[PDB]
Amino acid sequence: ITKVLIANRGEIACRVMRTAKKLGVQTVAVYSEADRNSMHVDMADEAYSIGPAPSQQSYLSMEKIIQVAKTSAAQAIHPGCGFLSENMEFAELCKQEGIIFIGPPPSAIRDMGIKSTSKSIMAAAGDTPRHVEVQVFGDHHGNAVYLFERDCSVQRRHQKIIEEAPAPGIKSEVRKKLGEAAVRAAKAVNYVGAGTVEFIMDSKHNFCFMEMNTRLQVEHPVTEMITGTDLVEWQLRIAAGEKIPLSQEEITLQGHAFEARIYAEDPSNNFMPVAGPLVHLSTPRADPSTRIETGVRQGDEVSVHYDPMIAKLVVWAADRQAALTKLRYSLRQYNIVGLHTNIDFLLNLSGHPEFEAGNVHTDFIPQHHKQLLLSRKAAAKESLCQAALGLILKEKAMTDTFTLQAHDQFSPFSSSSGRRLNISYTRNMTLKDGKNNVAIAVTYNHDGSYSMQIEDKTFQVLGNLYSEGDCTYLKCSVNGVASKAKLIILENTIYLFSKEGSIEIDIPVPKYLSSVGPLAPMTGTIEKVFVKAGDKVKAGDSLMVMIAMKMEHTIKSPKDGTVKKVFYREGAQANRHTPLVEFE
Amino acid sequence: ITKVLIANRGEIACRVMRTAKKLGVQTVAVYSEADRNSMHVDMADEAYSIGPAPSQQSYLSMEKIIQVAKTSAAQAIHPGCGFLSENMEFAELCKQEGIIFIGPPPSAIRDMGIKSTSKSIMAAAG
């Protein structure tokens, strides 16, 4: 395979292409009208459009994908996940056309559609449940190996939210038994490729097979961290006709890995997906043990036509407890501004006394649902000091960039010092903390420090701004206590992202910026009235039409409410600046 | 240990914090008046002042370091080297307060203060 067409979008499209580039394989993608400026379009060497935004017209189409493969001279097609990945007719169409299908052959796909058929084929081959998934990888030469199983039990609305790579809570004998059983299952159905055999267990390790997946799944990067393998490379090699490069006796098991899936959704209403722009996107620090897979760039929008997922964060550490600490440490560095997400839920889900102990089963979240969605808490006075300082320094920044464009450079007045003559300057600002207003009196000190009195308590507040790449950080010292938080100010809302949480403080909007009865324009006769008493109009509504020296004037409503009286009936003469209707 | 207080300064404070960040552990430091703009203040997630520049008023103090650990909600204290690193009374104070002392227990520290005591204990072991 010198060129592969990836009939998919977003995170999975980029994950495969990065491997392809690493190997030297050219990548082609498709993007509909919807993904014209998505991540995988620029990562690909070439990409083709297809049609309208809904997936039925673009990614689920059988003929359009083949047509792209033929004109680009692709040698293989990778379906990824979710569109044609289980489409047996497409795999058969590729074979007949002459294109390599990267995945199991049609004979292995079709017999897996019916649950009773695979149950018999595999059977002939030998209270708090958990879902445990063990991987099988086979080739066209009769070989198969197993990779270590995952714990996929934590879910809500039958959607996986987090995943644990090494399946904690079992013994090495269980791991060996699941390996052999899944290989016998994969051979029983003559499976080739990267697949997954799903077992259900009780509390006493009585594993039973339920279902098998026949595609290279999105879950795999969490296992790669602990096995040290590259399954995308492996899948391409056996598709070209090669053998499994690494035998079942060479597969290791080191440490624990976790995935946390970040969705565009609002948990406050029992998770309905939301779609909107992302104004700020920042990822945790890169590290060989912290694998960051995103499908959304800053400036991109979440659509309604496709999966609302934004990113997957995968971490690795030496043991289970270290990985849970790293997962939460890095997850709090992931900052999304512009829409509501499930990040706070993920933090409360992982940082739960029962989850850290290991009390994991398929009903964990509905059992403890009330303990995961928590209400907003009031800001501390120190957090209000940080918000006030960030606002003051942002105003300074605006002053500094004005000065850089001035002729009168180096001059005084440019330093936002608040230096009054013989007296001090105190600025009275109000910040809105949730629903409540708090007044902060900020005194400008001669040495550049601030003394901020919030209600009665005075804080000695110092700090400045600094940049790291494309992000702005606020460096604070409040009463000798140093701290650092990312400072993002978007329209009215001050975002402070720290290692202890995220606080949103709103700037109140004055009345004269948020305000945006009627009179007669000239002395004319009224043609048509519209409304009477008891009606209700909303702003920008037709109340009356009047003709004044042959010029039709339609009155409108700047005001709002309900009309109490209409003073002029239709056909009467109204004069200049005479009131027409009234609001009581 | 999800958060550690490092009761030290300079090279050793930065050496430990770099590991902590690598592991995912939050770091708190102290800086007196003397180290307000030193390296470990900016590397830490949070740091507290204590008092006058001489070490007797800042890093050798037993109560000030515990007070910082309690208000920052630190789970463990790392003494590093040179200040409280051999202070057996501090290790005992941490135990009584409920804070993990990162180091040997007081029972292993106290018996090593007297050179003749450790000589006999080890000699009897071969």
# chains A, B, ... in the order shown; residues from 1 in each chain; ligands from 1
call {"tool": "residues_around", "arguments": {"residues": "residue 37 (chain B)", "least_positions_apart": "4", "cutoff": "12 Å", "atoms": "only C-alpha atoms", "output": "list in words"}}
result
residues 477, 480 and 482 of chain A; 9, 10, 30, 31, 32, 33, 41, 42, 43, 44, 47 and 49 of chain B
call {"tool": "residues_around", "arguments": {"residues": "residue 98 (chain B)", "least_positions_apart": "2", "cutoff": "12 Å", "atoms": "only C-alpha atoms", "output": "PyMOL selection string"}}
result
chain B and resi 66+69-70+73-77+91-96+100-101
call {"tool": "interface_residues", "arguments": {"of": "chain A", "to": "chain B", "cutoff": "8 Å", "atoms": "only C-alpha atoms", "output": "PyMOL selection string"}}
result
chain A and resi 317+322+325-326+329-330+480-484+499
call {"tool": "closest_residue", "arguments": {"among": "A:55, A:190, A:61, A:445", "to": "residue 112 (chain A)", "atoms": "only C-alpha atoms"}}
result
A:190
call {"tool": "closest_residue", "arguments": {"among": "A:13, A:236, A:35, A:248", "to": "residue 52 (chain A)", "atoms": "only C-alpha atoms"}}
result
A:35
call {"tool": "residues_around", "arguments": {"residues": "region 531-542 of chain A", "least_positions_apart": "3", "cutoff": "7 Å", "atoms": "only C-alpha atoms", "output": "compact mmCIF listing (two decimals) with C-alpha atoms, in the first residue's frame"}}
result
# COMPACT_ATOMS: atom_id res chain seq x y z
CA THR A 554 -45.36 52.60 9.06
CA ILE A 555 -44.85 53.20 12.77
CA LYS A 556 -42.78 50.67 14.71
CA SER A 557 -42.14 49.73 18.33
CA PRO A 558 -38.88 50.56 20.09
CA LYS A 559 -40.67 49.86 23.37
CA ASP A 560 -42.33 46.63 24.50
CA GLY A 561 -45.11 45.21 26.64
CA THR A 562 -48.89 45.36 26.14
CA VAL A 563 -50.98 48.17 24.66
CA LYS A 564 -53.43 49.78 27.06
CA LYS A 565 -55.14 52.23 24.68
CA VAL A 566 -55.03 53.15 20.99
call {"tool": "closest_residue", "arguments": {"among": "A:119, A:237, A:187, A:205", "to": "residue 25 (chain A)", "atoms": "only C-alpha atoms"}}
result
A:237
call {"tool": "select_by_dssp", "arguments": {"residues": "region 147-323 of chain A", "states": "helix (DSSP H, G or I)", "output": "number ranges by chain"}}
result
A: 172-188, 220-227, 231-239, 267-269, 320-323
call {"tool": "residues_around", "arguments": {"residues": "residue 148 (chain A)", "least_positions_apart": "4", "cutoff": "9 Å", "atoms": "only C-alpha atoms", "output": "compact mmCIF listing (two decimals) with N, CA, C and O atoms, in the first residue's frame"}}
result
# COMPACT_ATOMS: atom_id res chain seq x y z
N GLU A 133 -12.83 -6.09 27.37
CA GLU A 133 -12.62 -6.23 25.94
C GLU A 133 -11.18 -6.64 25.67
O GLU A 133 -10.25 -5.90 26.01
N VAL A 134 -11.00 -7.78 25.03
CA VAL A 134 -9.68 -8.31 24.73
C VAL A 134 -9.48 -8.28 23.23
O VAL A 134 -10.40 -8.61 22.47
N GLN A 135 -8.29 -7.85 22.80
CA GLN A 135 -8.10 -7.57 21.38
C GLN A 135 -7.62 -8.84 20.70
O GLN A 135 -6.99 -9.68 21.34
N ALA A 165 -7.10 0.94 30.31
CA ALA A 165 -6.37 0.02 29.44
C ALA A 165 -6.03 -1.38 29.94
O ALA A 165 -6.19 -2.31 29.15
N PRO A 166 -5.46 -1.61 31.13
CA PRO A 166 -4.98 -2.97 31.43
C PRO A 166 -6.01 -3.87 32.10
O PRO A 166 -5.63 -4.97 32.51
N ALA A 167 -7.28 -3.43 32.22
CA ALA A 167 -8.38 -4.12 32.90
C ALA A 167 -8.01 -4.51 34.32
O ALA A 167 -7.81 -5.70 34.60
N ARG A 175 -5.93 -13.08 32.43
CA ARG A 175 -5.41 -12.45 31.22
C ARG A 175 -5.02 -13.50 30.19
O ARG A 175 -5.32 -13.36 29.00
N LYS A 176 -4.37 -14.57 30.64
CA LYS A 176 -3.98 -15.66 29.75
C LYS A 176 -5.20 -16.38 29.19
O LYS A 176 -5.25 -16.68 27.99
N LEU A 178 -8.30 -15.23 28.81
CA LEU A 178 -8.99 -14.38 27.86
C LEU A 178 -8.23 -14.28 26.55
O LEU A 178 -8.84 -14.28 25.47
N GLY A 179 -6.90 -14.25 26.61
CA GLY A 179 -6.11 -14.27 25.39
C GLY A 179 -6.38 -15.50 24.54
O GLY A 179 -6.67 -15.38 23.34
N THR A 223 -4.70 1.17 24.80
CA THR A 223 -3.96 -0.07 25.02
C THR A 223 -2.54 0.03 24.49
O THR A 223 -1.62 -0.55 25.07
N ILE A 226 0.30 0.59 26.89
CA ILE A 226 0.74 -0.40 27.86
C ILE A 226 1.31 -1.63 27.19
O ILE A 226 2.01 -2.43 27.82
N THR A 227 1.03 -1.82 25.90
CA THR A 227 1.63 -2.91 25.16
C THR A 227 2.87 -2.51 24.37
O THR A 227 3.69 -3.38 24.07
N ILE A 251 4.55 -9.80 23.60
CA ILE A 251 3.70 -8.69 24.00
C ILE A 251 3.83 -8.49 25.50
O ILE A 251 3.65 -9.43 26.28
N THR A 252 4.16 -7.27 25.90
CA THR A 252 4.49 -6.94 27.28
C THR A 252 3.27 -6.26 27.91
O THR A 252 2.25 -6.05 27.26
N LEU A 253 3.35 -5.95 29.21
CA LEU A 253 2.27 -5.28 29.93
C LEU A 253 2.92 -4.40 30.98
O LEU A 253 3.33 -4.90 32.03
call {"tool": "residues_around", "arguments": {"residues": "residue 92 (chain A)", "least_positions_apart": "4", "cutoff": "10 Å", "atoms": "only C-alpha atoms", "output": "number ranges by chain"}}
result
A: 87-88, 96-99, 101, 105-107
